[PDB]
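Novice: Residues 1 to 85 (the authors' numbering) are what the sequence shown spells out, left to right. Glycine residues also receive a C-beta, built at the ideal position from the N, C-alpha and C atoms.
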Amino acid sequence: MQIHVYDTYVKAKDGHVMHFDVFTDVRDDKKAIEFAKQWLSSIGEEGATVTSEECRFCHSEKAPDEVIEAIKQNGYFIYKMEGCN
């Protein structure tokens, strides 16, 4: 399974620029935006504008067993790249 790494820029005001990558099997940039927005509304950080500039595609790479299950079950998996520590 090839994980599509969608580097997503979500600009929070004073919290922190939410720089996270979305692991998905879908090859749609719009879906990348959509999944991120659904996730933002889910966690509560919906207060950001995601455009074609905010959505970014890095590449597709080999996938560890962990993300295989995640994307297979949820459809997508967001990893907290920045804002972790």
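#1: Could you give the uninterrupted runs of the beta strand (DSSP E) lying entirely in the stretch 35-68, keeping only those of 3 residues or more?
#2: Let's see if you can read the secondary structure: which residues bound the beta strand (DSSP E) around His4?
#3: Return helix, strand or coil for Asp29, following the three-state DSSP convention.
#4: Classify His4: buried if its beta carbon has 16 or more other beta carbons within 10 angstroms, exposed otherwise.
#5: Mark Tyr79 as exposed unless 16 or more other C-beta atoms lie within 10 angstroms of its C-beta, in which case mark it buried.
#6: 9 Å is my cut-off, CB to CB: does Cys55 come that close to chain B?
#7: Identify, in the order they occur along the chain, each residue of the same chain with its Cβ nearer than 7 Å to the Cβ of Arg27, setting aside the five sequence neighbours on each side.
#8: By Cβ distance below 8 Å, which residues in the same chain neighbour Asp21 in space, the five residues on each side in sequence not counted?
Specialist: Here's the rundown:
#1: 55-62
#2: 2-10
#3: helix
#4: buried
#5: exposed
#6: The chain labelled as chain B is not found in the depicted structure, where only one protein chain is given.
#7: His4
#8: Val5, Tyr6, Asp7, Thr8, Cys58, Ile78, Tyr79, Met81
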